């Protein structure tokens, strides 16, 4: 039956385009094949990456919606596009680390794979020109990016999302190492928004440690799309 009409492009980011629609409070999120890392210094076109990321995001957000998480996700429209509630993004990346990896393990002198003694929650300030710096709750409130009570709600939702995702991935022999979330305001409510995909998570096979995510691109490991396909195929088991 009736479908939204895609109107003007509102924004093009590193990996997606956001389009207006004929509904003032809805956008279409379009997944590109662009891959980027290292403050824009590293790029590639990874054929079909956007299709896989749209498909994985859609599957995960449908699952989160069913678990009662309030999210922007309405429906997948085609191989690359999904219909979402238009949100005013809170300018914080919310990162969960179950295991220490990447730059974070590096900055603290930890072996990659270090088992953290408590689940890590952290914030990066969403400003690519400042390099998306790590900040704490007081910095975030102090510069007017958020309030204590907004952060409290964000953390509650984030912790629930981690419990749900850790378990869904564990069932399929995937360790959910870390991931990044974004939230936004819609109808005065705090919604989970953006993407949850191998671009925004670290996924290691639980037996071999094999990486099935964007680190295969960041570290020139090859078979990038095969790792993303494997994540989707396991999620669809």
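Residue numbers count along the first chain shown, from 1.
As recorded in the PDB entry, 32-40 is the stretch of 195-203 and 32-40 with the greater mean C-alpha temperature factor. Remark: stretch with higher mean C-alpha B factor among 135-143 and 98-106 is 98-106.
In this entry, the residue among 171, 185, 70, 211 with the greatest C-alpha B factor is 171.
When the modelled residues of the chain are ordered by their C-alpha B factor, residue 177 lands in the lowest third. Sorting the modelled residues of the chain by their CA temperature factor places residue 56 in the lowest third. Per-chain ranking of the deposited C-alpha B factor places residue 127 in the highest third.
When all modelled residues of the chain are sorted by CA temperature factor, residue 218 is found within the lowest third. In this PDB entry, the Cα temperature factor of residue 117 sits in the top third of its chain's modelled residues, the highest group.
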